[PDB]
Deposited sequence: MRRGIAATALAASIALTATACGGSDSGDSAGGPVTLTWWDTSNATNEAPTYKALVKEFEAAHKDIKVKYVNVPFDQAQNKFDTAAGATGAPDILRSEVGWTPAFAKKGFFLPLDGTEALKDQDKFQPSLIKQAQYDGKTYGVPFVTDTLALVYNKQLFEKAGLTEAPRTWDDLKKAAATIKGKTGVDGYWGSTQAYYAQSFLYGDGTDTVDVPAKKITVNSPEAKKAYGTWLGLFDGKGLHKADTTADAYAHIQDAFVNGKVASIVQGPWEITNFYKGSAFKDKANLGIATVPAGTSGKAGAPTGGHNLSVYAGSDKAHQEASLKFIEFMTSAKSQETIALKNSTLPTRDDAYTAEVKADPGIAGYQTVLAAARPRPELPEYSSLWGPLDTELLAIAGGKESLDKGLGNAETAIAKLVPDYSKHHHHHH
């Protein structure tokens, strides 16, 4: 009869975010001797499928850094334990209520808001200043023109957009639409507004200053390597702030300009809301569940979140965690303003599963393998399988 051996499957950045969390794991083990936590970093791309496999069978973890979109999905699948009336939610009033709504499923909370974020048009102030530009482009049409001016002046590419569906979601919000209509229940991916929205996204690869699409699976890493070293601007979240400062372009932290994503035909801009929630596995024995409820209370404390914000530059979920040290950081202050345009996700557990087919079909459209209506038509049929309550 020794201590309780827990296992936390972390999905954060292994270089920037993991060291900060590995330090908090030791702080909990130092204060609580009867509990031991086994740190395991699982790549984000594989974390959803790996947990879905393990949760039903054996080798499942006790705690999981679940994404805000996977929490209602795994809560629907019965893998997560409900945290209503537990020591993990002792400070339920301190968190943002909108983030507690994302963790909820069928009127019951299955996760504790750990971190939060949204995409934002990050840019290089030196290259924009050298190109005779003061402010960031307000619309997608201004971004196309701004890139050609930056290319003509400096000779560096003005913009390199991501081929992924999560990043392409900002265009649907820009043109006044979404992937699906939940109240009416209908697939709006092959609709008038989506065809135009994706048409604008597809148009941002071709042009002077605009970098062409990359069909590789690791395209994401090329977009960081380019922007960190010095491409003029990209659409990215706050989790790469620490990664940006490591590069040669952003030695000066003030050089990193953070503006809201440009708007479309709707007038106002829009970006997808994200983040992660800590959630306990229901199949674990009652001993490990009680020990895990204590870990989440500590990990989502005012002290821990305030520390995490200073190290990782990620936005805390608690309102009390925003001190002057946190507000003084350029990154956090810059992303708190763009958070105004972050569109919350609707009450649909399969909403995140809809990006799966889109990531495949959009990479075909961007790569020049299929036409625009070809891929969107296939995505509309592939989406209908995962959610047949629409129809098209």
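Missing C-alpha coordinates mark the following deposited-sequence intervals, in order: 1-30, 261, 424-429.
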